[PDB]
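J.: First the structure, then my questions, so here it is.
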Amino acid sequence: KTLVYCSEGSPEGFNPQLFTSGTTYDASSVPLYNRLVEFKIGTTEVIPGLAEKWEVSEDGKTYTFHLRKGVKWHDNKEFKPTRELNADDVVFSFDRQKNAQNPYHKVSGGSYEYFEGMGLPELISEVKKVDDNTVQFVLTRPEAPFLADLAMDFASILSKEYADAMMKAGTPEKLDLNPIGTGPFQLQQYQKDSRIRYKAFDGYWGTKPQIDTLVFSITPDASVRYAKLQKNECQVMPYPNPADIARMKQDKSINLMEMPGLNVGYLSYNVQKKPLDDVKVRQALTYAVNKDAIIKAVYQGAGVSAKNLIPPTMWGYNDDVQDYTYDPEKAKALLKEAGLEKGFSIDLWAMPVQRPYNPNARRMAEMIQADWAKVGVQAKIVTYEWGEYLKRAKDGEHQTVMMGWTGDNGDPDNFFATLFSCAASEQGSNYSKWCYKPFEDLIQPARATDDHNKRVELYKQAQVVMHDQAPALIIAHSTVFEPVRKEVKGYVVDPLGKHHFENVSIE
């Protein structure tokens, strides 16, 4: 049986270690790979994955994982596995990222964004191989969300054997381009920006998917995705156009699944691109934006005004924080104080794809542009292809960027740290390039304690600091709506933002 998913864009590549967008994860990590530990679909609960069981030392600095046996790897035209999963794979997967001496470290650019952004190089002291079926992680300090961290997409295990093969053949790039994983599906064919075909893996270690063939029909236009859904040319599609929600509810052939989101949408101010280095300027730009107008026009009831990086559905939300108000006058005032009465110019980057946290960045950009123009700030809206957009944003080419996030492990750390830490400002997703001690002083300790309450107090203070510093213009939290054809049985809306098709069965 064949199932066809209408994806929002093209995957950046096939090695989840190198990327950060969900677009790529849905086509790489999710269908083709596995992690030592995993999340039960639809929840944020860890479940054994490639690791059958594990133990944590009393000091909380040593995680010991027992790999399960009889785990087969996929077969490619250029490669056929001779052995099954072993500790050598796991060690390789992590060493590649941590160790600059590993041959593969610089392959494909060597941009281990998450690993580096999460400060893993300093956290992980060593990745030991106790024996062929037992791996050991020795940390420099205890990391509360570490177990969870390992269930994330970047922590996907790649094949050491296949890696060696391509190494000898003189074409290591193929490891990253022609994926061989242990996952339920296996890449069969990929036509750039058009279609991706996967076949169910027969030798999969777990429950084989009831779908014999999985096809991603890359359809970037939300209206077209809906079109295809109706004509049953697609059974599932993500990020429905807010206007279309109404219809979809009414449509009897469509089962519009809805669930509150674990996401944020915001504009990052590149804090080291003057005049954005001035808090006053950042605050001014924030006050000048009529946020409510945006929520109303763009989200149309599908989302709500946001004031914190963390959504209300997260266990750290500081509701005492009071959002900035739309106050053009105050904006003008601050701009005066900063010595910028005459105004200035900046670019505003907006992505060309729909995102769970931003239904139409394009239109949102125009509104912000217009608002800023009213206080004398001339903005140039700039947009590159989704992939390029992220690449350059990371390199810091922008002055202002539309961005957002969807929790990866249900832990506040994955939000505050991964997105606004100093480690993240250097090689991570902190596109605001903001690094501030007072913040670090809260965020870092909050990662070491097992005392959930101290964590809560810390993350709450963090939201204040962040508010005062205005490193980004927090825009909105969006509600998740996943349109699914009625013929599709067993679909579960993933709070972590993935689109899982193993468990699904169309008939």
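Numbers in chain A track Swiss-Prot; the residues on display, in order, are 29-535.
Quick reminder: no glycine exception, Cβ is built from N, Cα and C everywhere.
As listed in Swiss-Prot for this protein:
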| type | residues | note |
| --- | --- | --- |
| BINDING | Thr48, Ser49, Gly50, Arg383, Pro384, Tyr385, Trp433, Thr434, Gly435, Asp436 | glycyl-L-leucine binding site |
| DISULFID | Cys34-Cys262 | disulfide bond |
| DISULFID | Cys450-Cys463 | disulfide bond |
J.: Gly50 (glycyl-L-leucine binding site) has how many other Cβ neighbours within 10 Å of its own Cβ?
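T.: That number is 24.
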J.: Could you check which of the disulfide-bonded residues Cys34, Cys262, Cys450, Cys463 is the closest Cα neighbour of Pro384 (glycyl-L-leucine binding site)?
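T.: That would be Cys34, the closest of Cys34, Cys262, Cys450, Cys463 to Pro384 (glycyl-L-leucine binding site).
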J.: Could you state the CA-to-CA distance between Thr48 (glycyl-L-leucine binding site) and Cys262 (disulfide bond) to the nearest Å?
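T.: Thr48 (glycyl-L-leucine binding site) to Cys262 (disulfide bond), Cα-Cα distance: 26 Å.
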J.: Tell me the coarse DSSP state (helix, strand, coil) of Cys34 (disulfide bond).
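T.: It is coil.
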J.: Measuring Cα to Cα, how many angstrom lie between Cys463 (disulfide bond) and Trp433 (glycyl-L-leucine binding site)?
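T.: Rounded to a whole number, the Cα-Cα distance is 19 Å.
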J.: For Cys262 (disulfide bond) and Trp433 (glycyl-L-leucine binding site), determine the Cα separation and express it in whole Å.
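T.: Approximately 26 Å lies between the Cα of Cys262 (disulfide bond) and that of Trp433 (glycyl-L-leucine binding site).
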J.: List every residue in the same chain as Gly435 (glycyl-L-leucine binding site), at least 6 positions away in sequence, whose Cβ is under 8 Å from its Cβ.
T.: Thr72, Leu290, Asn291, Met342, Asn442, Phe443, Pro523, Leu524, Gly525
J.: Any same-chain residues 6+ apart from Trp433 (glycyl-L-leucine binding site) with CB under 8 Å of its CB? Would you list them in sequence order, or say none?
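T.: The answer is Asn291, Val292, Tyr385, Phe443, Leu447.
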J.: Within its own chain, what residues at least 6 apart in sequence put their Cβ under 8 Å from the Cβ of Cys450 (disulfide bond), listed in sequence order?
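T.: Looking at Cβ-Cβ distances below 8 Å from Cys450 (disulfide bond), excluding near sequence neighbours, one finds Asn458, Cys463, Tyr464, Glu468.
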J.: Express the distance between the Cα positions of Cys34 (disulfide bond) and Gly50 (glycyl-L-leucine binding site) as a whole number of Å.
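T.: Between the Cα atoms of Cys34 (disulfide bond) and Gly50 (glycyl-L-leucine binding site), the distance comes to 14 Å.
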